Amino acid sequence: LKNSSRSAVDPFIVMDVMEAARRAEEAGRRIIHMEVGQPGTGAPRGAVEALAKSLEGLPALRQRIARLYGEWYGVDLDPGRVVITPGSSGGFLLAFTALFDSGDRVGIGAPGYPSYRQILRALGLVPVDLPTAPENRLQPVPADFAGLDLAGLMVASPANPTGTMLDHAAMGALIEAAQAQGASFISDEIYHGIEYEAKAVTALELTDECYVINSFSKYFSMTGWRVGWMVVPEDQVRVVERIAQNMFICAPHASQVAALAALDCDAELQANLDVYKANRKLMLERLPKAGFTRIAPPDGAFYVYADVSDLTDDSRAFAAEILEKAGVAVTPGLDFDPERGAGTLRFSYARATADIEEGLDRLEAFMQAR
């Protein structure tokens with residue numbers, strides 16, 4: 001069988017460390033997992049209870065999400081504009097299908113989420129990586145795409161892998177600039193909720209002419225459940241609905257029952273966030289001490305993105321050495337930034353505080369002996 005061009009997506013560099021981590025554990029070694037981009041926790045107890053009862057999208061879930069926009073952002077949102085998706089992959093599929101045609105160019109910041117470029121290519125679209133600068137908080141600025149003919153622009157705040165966020169001014173400027181050159185604006189708000197001192201800004205606070213993509217996988221701690229949502233303009237709901245119907249793309253009902261309930265599990269989800277707050281405090285104090293002195297500001301999410309060019313020429317080899325010798329799994333930067341990632345690393349602090357404490361001890365000892 002002959003394969004297509006769109007099928008030649010790139011294998012994730014992080015697979016070397018994750019498999020090596022699995023091999024380490026099979027041989028008997030406890031590894032501290034600082035490589036995963038998912039919460040250490042499962043679905044909140046109230047979500048699990050709700051599903052268990054039922055065993056013994058959804059209008060109520062759309063309505064509950066709409067309420068979240070008022071309570072979190074002071075945005076009055078019609079639930080008719082909330083589309084329930086099978087997660088963020090589903091949201092990206094639906095957004096890109098609604099908005100772009102074969103060969104359309106879509107601007108994405110580098111460093112960024114590895115799957116953006118791959119999903120765009122897989123659909124016959126053209127990802128255009130925008131190398132972002134430290135002085136710009138590793139977020140795109142209008143100048144980054146003023147020279148580029150783009151059909152769309154995608155931004156993330158808090159971002160993977162950096163944790164950096166876009167404040168109201170930064171988001172406004174981006175939206176104004178996108179709109180002015182005909183680039184459809186997509187706001188990835190998947191890590192909203194996982195926030196420290198900076199307040200997340202929904203693109204809905206600045207415009208309705210945007211697609212917002214979200215998920216229950218992060219703050220709501222339902223990674224694995226394949227449920228999320230998107231918000232689209234009033235005039236775009238029917239476009240999305242027909243695609244979702246005609247392509248049968250929707251969240252499992254079991255997952256929708258759980259997510260409805262998860263939205264009211266504020267106490268548990270804030271407890272998870274207290275853990276992230278404690279771990280972040282530890283990362284910020286102890287990583288410099290270990291030799292990781294150049295990091296992007298971890299405004300939100302649970303990542304630290306480090307420039308390690310003083311320590312190594314090849315973050316892939318360096319991550320492998322950290323695993324072998326320190327028993328700590330970290331992610332090379334190459335998946336996020338193919339041009340500059342050989343000199344960067346991403347740490348995740350989504351695990352228990354004791355695991356982070358342990359990870360930092362291991363890192364410190366390794367870097368001393370190195």
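For the structure itself, look to the data block above.
Procedures and definitions
Residues numbered from 1 in each chain as written, not as in the entry; some residues may be left out. Heavy atoms only, no water. Residues with missing side-chain atoms left out of burial classes, pairs and counts. Core = buried A, V, L, I, M, F, W, Y, C linked by side-chain atoms within 4.5 Å. Buried < 20%, exposed > 50% of the residue type's maximum accessible area, 1.4 Å probe, protein only. Helix = DSSP H or I, 4+ residues; strand = E, 2+ residues; numbered from the N terminus. Contact = heavy atoms within 4.5 Å. Pairing = 2+ DSSP bridges. Axes fitted to C-alpha atoms, helices over the stretch in contact; angles between N-to-C directions. Parallel < 35°, antiparallel > 145°, perpendicular 65-115°, else oblique. Nonpolar A, V, L, I, M, F, W, Y, C, P; charged D, E, K, R; others polar.

## Regarding the nonpolar core
Counting residues in each nonpolar core, the largest one holds 104 residues, and the members touching the most others are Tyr69, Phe96, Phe185, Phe216, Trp229, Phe292 and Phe347. In terms of residue count, helix α10 (residues 266-290) provides more of this core than any other element does, seven residues in total. Contact partners of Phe292, with chain neighbours within four places excluded, come to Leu287, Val308, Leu311, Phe318, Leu345, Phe347 and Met367. Grouped together as the second largest cluster of nonpolar side chains are seven residues, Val17, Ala24, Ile31 and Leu323 included.

## Some details on the sheet that holds strand β9 (residues 303-307)
Note on sheets: strands pair through backbone hydrogen bonds, and any given pair is parallel or antiparallel. Taken in spatial order, the three strands of this open sheet run β9-β12-β11, and their pairing is antiparallel. A single partner strand is all that each edge strand has here, and the edge strands are β9 and β11 (331-332). Here β9 pairs with strand β12 (residues 344-348) via five bridges, running antiparallel. For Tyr303, the partnering residue across the bridge sits in β12 and is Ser348.

## Here we look at the packing of helix α11 (residues 315-326) against helix α12 (residues 353-369)
Axis separation between α11 and α12 bottoms out at 10 Å; the angle between their running directions is 105°. Taken together, α11 and α12 sit at an angle that is classed as roughly perpendicular. Seen from α11, the contacting residues are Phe318, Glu321, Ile322, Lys325 and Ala326; seen from α12, they are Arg362, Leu363, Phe366 and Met367. Tallied by class, the residues present in the contact of α11 with α12 amount to six nonpolar, no polar and three charged.

## Here we look at the packing of α10 against α12
Interaxial distance between α10 and α12 falls to 10 Å at its minimum, and their mutual angle equals 5°. Between α10 and α12, the angle falls in the class roughly parallel. Across the interface between the two elements, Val275, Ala278, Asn279, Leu282, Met283, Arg286, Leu287, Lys289 and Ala290 from α10 touch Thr353, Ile356, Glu357, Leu360, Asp361, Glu364 and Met367 from α12. For the contact of α10 with α12, the residue count by class is nine nonpolar, two polar and five charged.

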